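> just coords:
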Ligand SMILES: *[C@@H]1O[C@H](CO[C@@H]2O[C@@H](C)[C@@H](O)[C@@H](O)[C@@H]2O)[C@@H](O[C@@H]2O[C@H](CO)[C@@H](O)[C@H](O)[C@H]2NC(C)=O)[C@H](O)[C@H]1NC(C)=O
Ligand SMILES: *[C@@H]1O[C@H](CO)[C@@H](O[C@@H]2O[C@H](CO)[C@@H](O)[C@H](O)[C@H]2NC(C)=O)[C@H](O)[C@H]1NC(C)=O
Ligand SMILES: *[C@@H]1O[C@H](CO)[C@@H](O)[C@H](O)[C@H]1NC(C)=O
Ligand SMILES: *[C@@H]1O[C@H](CO)[C@@H](O)[C@H](O)[C@H]1NC(C)=O
Ligand SMILES: *[C@@H]1O[C@H](CO)[C@@H](O)[C@H](O)[C@H]1NC(C)=O
Ligand SMILES: *[C@@H]1O[C@H](CO)[C@@H](O)[C@H](O)[C@H]1NC(C)=O
Ligand SMILES: *[C@@H]1O[C@H](CO)[C@@H](O)[C@H](O)[C@H]1NC(C)=O
Ligand SMILES: *[C@@H]1O[C@H](CO)[C@@H](O)[C@H](O)[C@H]1NC(C)=O
Ligand SMILES: *[C@@H]1O[C@H](CO)[C@@H](O)[C@H](O)[C@H]1NC(C)=O
Ligand SMILES: *[C@@H]1O[C@H](CO)[C@@H](O)[C@H](O)[C@H]1NC(C)=O
């Protein structure tokens, strides 16, 4: 007999409230082959405690329903009765009670990329889709899932994107071997790493802003670089910690992995302490205040790194992942908010985070998965933090002027003291006037340099501030 | 039933249709629960292993009409709801909840029947299933007791935590650093070699096979360092007792090595007193010579004291040992049979003899008593034992071959024992599980003495003063002992050898129950450590202060011989700070407690009405004294009594029955003859003069005139508790889920709260606020909202909760009262100080309490004729029609006494055609006029917000209607 399978999902769009909803999937009861396919009328009663929340009546061949507007940290009771719709005879009944807990529960869907396409593999229904058909195969794949955007690097070394309902748009073309790829989903910055092929080989971290993309091919900017003779692997962007964490290894010693990173605001180098040298790093929980990392050391064991305490953390999934072997835990490992996925012996295994057990095991073809990625919960800031700030203030700070030119610094703006994260897509626009002489549309982080100014002469700059989201909402 | 019984004539609520639908549905679910109750309560759910409960039942036929069934779980060592489970129609349930590992569980089913909260069934519990062990422990090990024994040692006793999450292996102790692992069977550790007079911090953790648990934190002082007297300033005195020569000696550099007593017979044992200074001498033949001395010389000779044998003593018993209790003034004897050693305690006269323990064949070498810590110790050649003074509990400390003479320090709690066969130092604690070595200087001494950090070892010619690290060949001072052959007993004559002072005390858990001019206060005694017994004495006098914050004046009263104190003569409506300490016999008091803000009641005859579970009713004051047993007899389990006038009261019992009682004259006064079933609560409007109750079977509110018994159904649905504001006529009601307001118009209906469930509420009409209790999952959460900012005032956690409909508002104090569900306590929370929860105990004549009310000092006001609508004049009801389609009825407008808003309800009868209107003007337009000259019947019901006037019924002839368009 086929049981009622309910999964809660928490879907968060930027400038919108997170919505937590319950997806119910129930298979049909077994019918004879002489009888045709029958309509099953599914009656659901959702209960909060002793009161009734929602009630839906659906004519479906198999139950695929969605209860909206659930609240976190509360026990719900879904009572489903299945009748045959033509006759009224009761096919079955089910009663699922569910504490919600959206940080440990999600829908088991992965994004898999072979040489032909990028698809979604739902591990419950064992069904495969195709989101985008690729002419050339995918080497690295990250995503922004508030707007369902896929960002990937092809074999011809080009960085591309996909929104549903359009063509694959070309974002960048670069001329070296890309070692790793990451995205900050809040500020819409794509970071990657390129191989530098001098005789001490290095890797340079390039960034691109998605708010500056209007349909033509952009070019990346060098932000940081590693020390010479060392190389990068497995770039993970932590936006709420404002960090960029990679595995820095030395060329010739790939099993000496050390957890290195940069700080995303001021560019300062940061170090994280491990008890053993590493081979592989994967992204973790990505929840604010409880960010983890799944990281594999040189003996093929895993720690769940808590990055605030900077320590390994014991869990019940750790021995079950270490029983699979080194090649399975080092090749493909992904983690969303609800599950944790590994590939071993042409089969994808999903381990639940709440129950700490093996939940799903789905067999594959020998070339169906080359890259695995998960729908991890990208926690967005609130609506005052993402948008343009109300108060103007003295954001423009004058430096020490020479007689010929002044180096006006353009810093990066947070909206209030309640918003610790930077505002996405910040563009200053400046007139220069003699207290126009010059017009600039310039982003945050760089400086304006202000040549051909007269000595012993007052000057004025005036500017409006714009963000990506105030252009999207058409706010003034 | 509101949507099923929807009619276009009686709108918006066809009230008897809704009441008949709701009463038929509760009768249906009552008959279904009475049908399936035996099959639920016989059938046990079975567990199998995802974890799966199989219950031998089925879902009901109207399965979606009922509430959700709940699987409930219980720890084996209350029932909480399981959150994650998956059941099909044959109850083959799969638990998806992350259970606590290595915890045994029991599971059961809860089947509700409809929306009624009374009709639940509980299945029997499962056989007990333990979760398999995995992971680190999540519970810190809670320490029981943690104290400094002396300046160098530290003792801790603990128990394991609740969720061990595995089989227990070892506990880790960290002292700040000193770390130590101890195995699973031991739960007591004593450290050593600590610094004197600093506090240490102890960190205790639990270790199983998988990992290490959380860390328990402790702050604990050692004892301060004793003053070290040198050899030049040693002012002590010793009494060395040999078998044939007893000599008292001064430990000065100019010491007198002076004879006190010579006995030619060999003495078996001595007993030494401190205030009396008496050396009892028991010889080898068994006769006792009581010998009083004074400061090392004779003041009285030896007297032969005869012990009574009695009917306990059947055979011959020859005494050998002696020990003298300095608290009880009683001796303890070990006796020899001429065939076993049995120890009999006796008085100083020797007549009141009673045995302790059982007889054993081993010979007792020394009997010593800790009278302060309540222990008698007997040492034999096989073991050292420990007994309490009443002989209740028996313990053996250490087994060893042939131990020597041990010395008990009471305030160090360490037995120091010296085998002459070993020649090395041994420290035993009072539980006997701690055995420790120390360095000893080499010589074999039969006895010793301990003086601070110094050690006195008697030689055959001299005495050796060492500090247990310097050599015995070079003592710091020497005193000659040349007339003594051997030294079996050395007694140090200090007051610290036999102290009456326990040297530890700090009272706690101070509780003050306050009145207008008095206060009853109780504090907990400081608890006993495991090192002393139940026969240990800590007889104290407690000193209590009242600090007035108005005058900032501290008054202290001392010599209170018990933990309870009835303090009198307080000025009313005043706040103080009350603090207690414990003073010993020696006059060294304890530390201060934390003060509590203790506000008195205001001045007035403030009487509380208590009602039992047996129907007895008593009137106390606010302290619970001054009781008057009232004349009337209530029924079983009554609720709070609602008074209409001063003779007639109404109450609800525990089974939902509503009862009227006339207190003064019982032959008349109640308009309803029988009790009425299924009633939630009851209240009364004095201004309208109407009794409002919730009929739970009709989920309605019934309003009754108390002078006539005429009942009106009123459209408030699913309500349990009512309170009506008499100023505006607004009814305030609380459901199980929500709390809200009903007015005369639908615009005045406002919802204050939606959720556990609301247990009781109370309305504050004067200050325009409202309070309610939410009885959640083990936490009573009290709230406050204005009548036009919702905050949680106080959350009380625990398994004890409130009686439903038991929150009253103490107006003079400005507090909230609720009776607890056990019926032996009430809790009171003031509004100015939210954090203090005083408890009122219940008087013992009505020992389970079911109701507590604050009686008002003023009488209840009479009914108001200013809210009664006047009757509509039947001559003034005119059917005057205008031009076009304006065919309307008007009347003279009904007023009230005070000028209140009078609305109208109107009924038209065109024969069999019916039309109802709800009106706010003296005016009604008739629409579907039948034009053929009928006799219209018009009935008018005027009303106000509080009550309704009489019905005016007229019959009018229709005017002729010629156009039909
Ligand atoms: C779910 O379906 C039932 C049954 O649908 C009928 O039978 C199917 C095999 C198919 O042929 C359908 O088109 C038929 O309607 C619905 O019940 C019917 O509902 C309509 C609308 O109220 C009513 O007139 C009919 O009498 C009903 N028929 C029976 C046999 O009960 C039902 O309403 C559907 N549920 C929903 C939410 O649409
Ligand atoms: C309190 O009110 C009640 C009415 O609710 C009064 O009871 C009536 O008393 C008279 C005189 O004894 C009887 O004839 C009536 O039958 C009673 N009324 C009913 C409805 O039964 C009672 O007298 C009042 N008490 C006082 C002191 O006023
Ligand atoms: C969430 O709800 C909003 C409306 O409040 C809706 O616009 C958005 O598409 C929803 N996202 C989903 C599908 O979860
Ligand atoms: C691994 O790298 C660390 C950090 O640079 C270094 O100290 C160590 O020697 C390396 N170990 C080996 C075996 O190369
Ligand atoms: C990154 O920089 C910001 C701004 O100075 C600072 O608050 C933050 O602590 C830095 N982050 C880390 C992880 O050090
Ligand atoms: C691994 O996969 C192959 C595919 O044919 C199969 O034969 C084999 O049994 C698998 N091994 C295990 C341990 O499942
Ligand atoms: C001039 O402009 C560039 C481009 O932003 C900037 O990097 C640089 O710091 C400026 N200032 C100098 C050279 O002082
Ligand atoms: C700069 O000046 C031009 C000319 O008036 C104007 O179009 C433009 O909007 C100005 N920029 C800003 C930020 O005001
Ligand atoms: C130990 O000293 C600290 C330092 O202030 C203090 O907090 C604590 O109360 C002391 N502990 C005891 C048991 O006296
Ligand atoms: C009510 O109205 C009447 C008529 O206007 C008036 O005389 C009277 O003062 C009003 N107030 C009261 C309290 O009766």
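Nice, thanks for sending it over. Numbering: from 1, shown residues only, chains lettered A, B, ... in the order given. Ligands and ions are numbered 1, 2, ... in the order given.

> Looks like residue B:337 contacts residue B:317 (just checking).
Yes: when contacts are counted by C-beta atoms under 8 Å, residue B:337 is listed as touching residue B:317 (6.0 Å). (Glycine included, C-beta is placed from N, CA and C.)

> quick one: which of those two has more around it?
More crowded of residue B:337 and residue B:317, by other C-beta atoms under 10 Å in any protein chain shown: residue B:317, with 23 against 13.

> Check the secondary structure at the closest residue to the more buried one other than its chain neighbours for me.
Setting aside the residues directly before and after it, residue B:317 is nearest to residue B:335 in space (C-beta to C-beta, 6 or more residues apart in numbering or on different chains), at 3.7 Å. Assigned by DSSP: H, G, I helix; E, B strand; the rest coil, the conformation of residue B:335 is strand.

> gap between residue B:335 and residue B:616?
58 Å (C-beta to C-beta, to the nearest Å).

> Those two: who's more crowded?
Taking neighbours as other C-beta under 10 Å, residue B:335 and residue B:616 compare with residue B:335 leading, 23 against 16.

> That one against residue B:353, yeah?
No: counting by C-beta under 8 Å, residue B:353 is not a contact partner of residue B:335; they are 10.1 Å apart.

> neighbours around the residue lying closest to residue A:307 once chain neighbours are set aside, how many?
Spatially, and ignoring its direct neighbours in sequence, residue A:307 is nearest to residue A:291 (5.1 Å; C-beta to C-beta, 6+ apart). Neighbour count of residue A:291, defined by other C-beta under 10 Å: 22.

> now the helices for the stretch 501-650 of chain B?
Along the stretch 501-650 of chain B, counting by DSSP state H, counting those that start in this stretch, no stretch forms helices.

> Please identify which residue in it comes closest to ligand 1.
Closest contact between the stretch 501-650 of chain B and ligand 1, by C-beta to the nearest ligand atom, is at residue B:639 (46.6 Å).

> Give the full set of residues in contact with that residue.
Under the criterion of C-beta atoms under 8 Å, 6 or more residues apart in numbering or on different chains, the contact list for residue B:639 reads B:651-654, B:681-682, B:805, B:850-851.

> Residue A:399 sits in which helix or strand?
Take DSSP states H and E as the rule and residue A:399 turns out to sit in neither a helix nor a strand.

> Give me the nearest residue to it, chain neighbours excluded.
Per C-beta to C-beta, 6+ apart, closest to residue A:399 is residue A:407, 4.9 Å.

> Which parts of the chain are helices?
Reading this off chain A. Remark: helices assigned in chain A by DSSP state H are A:318-322, A:326-331, A:383-386, A:468-472.

> Actually, chain B is the one I wanted.
Along chain B, the segments classed as helices by DSSP H run B:15-42.

> Get me the contact residues on it for ligand 9.
Selection of chain B residues close to ligand 9 by C-beta under 6 Å from any ligand atom yields B:199, B:219-221.

> Make a ChimeraX selection of whichever of those residues turn out to be buried.
In ChimeraX, a selection of the buried entries from the residues of chain B next to ligand 9 looks like this (16 or more other C-beta atoms under 10 Å in any protein chain shown):
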select /B:220
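
> Report the contact partners of residue 398.
As the question left the chain open, I've gone with chain A. Under the criterion of C-beta under 8 Å, 6+ apart, the contact list for residue A:398 reads A:406, A:408.

> You answered for a different chain; I wanted chain B.
B:383-384, B:428, B:432, B:435.

> let's see 6 Å
Contact partners of residue B:398, counting by C-beta atoms under 6 Å, 6 or more residues apart in numbering or on different chains, are B:384, B:428, B:432.

> again, but for residue A:150
A:143, A:162.

> so residue A:25 makes contact with residue A:6?
No: using C-beta atoms under 6 Å as the test, residue A:25 is too far from residue A:6 to be in contact (7.8 Å).

> which of the two has more neighbours?
More crowded of residue A:25 and residue A:6, by other C-beta under 10 Å: residue A:6, with 23 against 17.

> who's in contact with that one?
When contacts are counted by C-beta under 6 Å, 6+ apart, residue A:6 touches A:22, A:24, A:96, A:98.

> Make a markdown table from the helices of chain A and add mean neighbour count and distance to ligand 3 to it.
Formatted as a markdown table, the helices of chain A follow (neighbours: other C-beta atoms under 10 Å in any protein chain shown; distance: least, C-beta to the nearest ligand atom, whole Å):
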| stretch | mean neighbour count | distance to ligand 3 |
| --- | --- | --- |
| helix A:318-322 | 17 | 31 |
| helix A:326-331 | 16 | 33 |
| helix A:383-386 | 17 | 12 |
| helix A:468-472 | 16 | 14 |
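
> With distance to ligand 8 as extra columns, can I get those helices in CSV?
Shown next, in CSV, are the helices of chain A (distance: least, C-beta to the nearest ligand atom, whole Å):
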stretch, distance to ligand 8
helix A:318-322, 55
helix A:326-331, 52
helix A:383-386, 22
helix A:468-472, 14
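
> For the stretch 351-476 of chain A, list the residues in contact with chain B, please.
Within reach of chain B by C-beta under 6 Å from any C-beta of the partner chain, the stretch 351-476 of chain A has these residues: A:354-355.

> If you check the stretch 351-476 of chain A against ligand 5, which residue is the closest one?
residue A:420 (7.6 Å).

> what's the closest non-adjacent residue to that residue?
With C-beta to C-beta, 6+ apart, the residue lying closest to residue A:420 is residue A:414, at 6.8 Å.

> and if you look at residue A:458?
Excluding the flanking residues, the one nearest residue A:458 by C-beta to C-beta, 6+ apart is residue A:435, at 4.1 Å.

> just residue B:454 next, same as before
Per C-beta to C-beta, 6+ apart, closest to residue B:454 is residue B:467, 5.7 Å.

> From residue B:473, how far off is the one you found?
Computed as C-beta to C-beta, the residue B:467 to residue B:473 distance reads 14 Å.

> what do you get for residue B:824?
Relative to residue B:473, and taking C-beta to C-beta, residue B:824 is found at 72 Å.

> Pick out whichever of those two has more residues nearby.
Per other C-beta under 10 Å, whichever of residue B:824 and residue B:473 has more neighbours is residue B:824, with 14 against 10.

> Among the helices of chain A, which comes closest to residue A:148?
helix A:468-472 (15.5 Å; C-beta to C-beta).

> Tell me the helices and strands packed up against that closest one.
If you count contacts as 3 or more C-beta pairs under 6 Å, 6 or more residues apart in numbering or on different chains; DSSP states H and E, helix A:468-472 packs onto no helix or strand.

> Surely residue B:280 and residue B:293 touch.
No: if you go by C-beta under 6 Å, residue B:280 and residue B:293 don't touch, sitting 11.0 Å apart.
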